[PDB]
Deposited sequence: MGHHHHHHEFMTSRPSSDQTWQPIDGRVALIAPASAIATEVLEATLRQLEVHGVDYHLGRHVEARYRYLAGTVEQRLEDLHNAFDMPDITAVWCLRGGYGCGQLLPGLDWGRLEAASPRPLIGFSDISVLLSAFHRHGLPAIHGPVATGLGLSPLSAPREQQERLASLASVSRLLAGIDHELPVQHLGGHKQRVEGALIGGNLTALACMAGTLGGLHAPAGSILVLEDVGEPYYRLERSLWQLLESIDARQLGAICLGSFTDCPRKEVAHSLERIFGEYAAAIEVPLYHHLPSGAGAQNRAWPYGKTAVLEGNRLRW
């Protein structure tokens, strides 16, 4: 059953590399982790505030590095996205991270920037809910939160997806992407999306008008070797007001996919809505039939 958590072996490090956390949401999160018998390590600066950021870059880097020093940690679950984790990229000690025993980094939204950087450096990562999702359709939300422990245990290996137009084909490549806006906002920097040939690019977003989504897509595709992608795979675009625009969002995305001669898929249950099922970031997967399979 998909609301059922798997035990998480070892300990989960909780860090806040992006936006600041409300006290009551943090405490509610920890209580839910305890319900589930999850042993955790709370980063020492998770309650820090520096404007809307969870502390200074230096504070956030200390917590992320500490998460990789402890030997019993088997996963690093980001508490909140929002904005700010790209700020850490010029400070990360990548060598200290490759040397630690495997511990997938987990989050979405802004955290997409760190997922991509981790993939570039050969580090484990999972695209899934941030941990404060625990402290906030309710059934879908609960299955999404449960999907993290289930993927860490290796017991889920597929999601449903639909091919939009085109023709029947099989696409195999690395799973990359996440939040369209966050990733576009790293183009031209050291944190630009890692996009090896043949990759399946997952795109999703929230609270944008369509012109801002097109502006970011144009930028993201112009900044990578787009013609060498295996596929573009849309998750959800939630709270994105159409405002009288003549073309649907899928028409716009379809025009871009056609321009680069890459197939377009959609309705992956991933994003900011109730459906945010975890998927392994940077692994080889196959688009076949009605699913994405790893």
In sequence order, name the stretches of the deposited sequence that have no C-alpha in these coordinates. 1 to 16, 153 to 159
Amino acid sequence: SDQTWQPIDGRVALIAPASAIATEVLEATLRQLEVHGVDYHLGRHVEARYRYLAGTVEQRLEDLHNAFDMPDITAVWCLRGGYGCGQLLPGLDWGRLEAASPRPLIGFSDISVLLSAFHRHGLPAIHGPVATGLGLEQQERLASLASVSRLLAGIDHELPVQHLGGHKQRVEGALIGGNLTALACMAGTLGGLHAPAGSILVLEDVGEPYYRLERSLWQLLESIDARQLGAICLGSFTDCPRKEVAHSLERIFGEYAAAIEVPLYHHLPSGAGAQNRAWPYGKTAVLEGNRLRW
From here on, numbers count along this sequence of modelled residues.
Going by the average Cα B-factor in the PDB entry, point out whether 236 to 244 or 249 to 257 comes out higher. 236 to 244
Going by the B-factors listed in the PDB entry, is the mean over the C-alpha atoms higher for 73 to 81 or for 163 to 171? 163 to 171
According to the deposited entry, which of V130, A100, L142, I200 has the largest Cα B-factor? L142
Ranked by Cα temperature factor within the chain, is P263 in the lowest third, the middle third or the highest third? middle
Lowest, middle or highest third - CA B-factor, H157: highest
If you rank the chain by CA B-factor, which third does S19 end up in: lowest, middle or highest? lowest
Among the modelled residues of its chain, the C-alpha B-factor of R150 falls in the third labelled highest
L287: which third of its chain by C-alpha temperature factor? middle
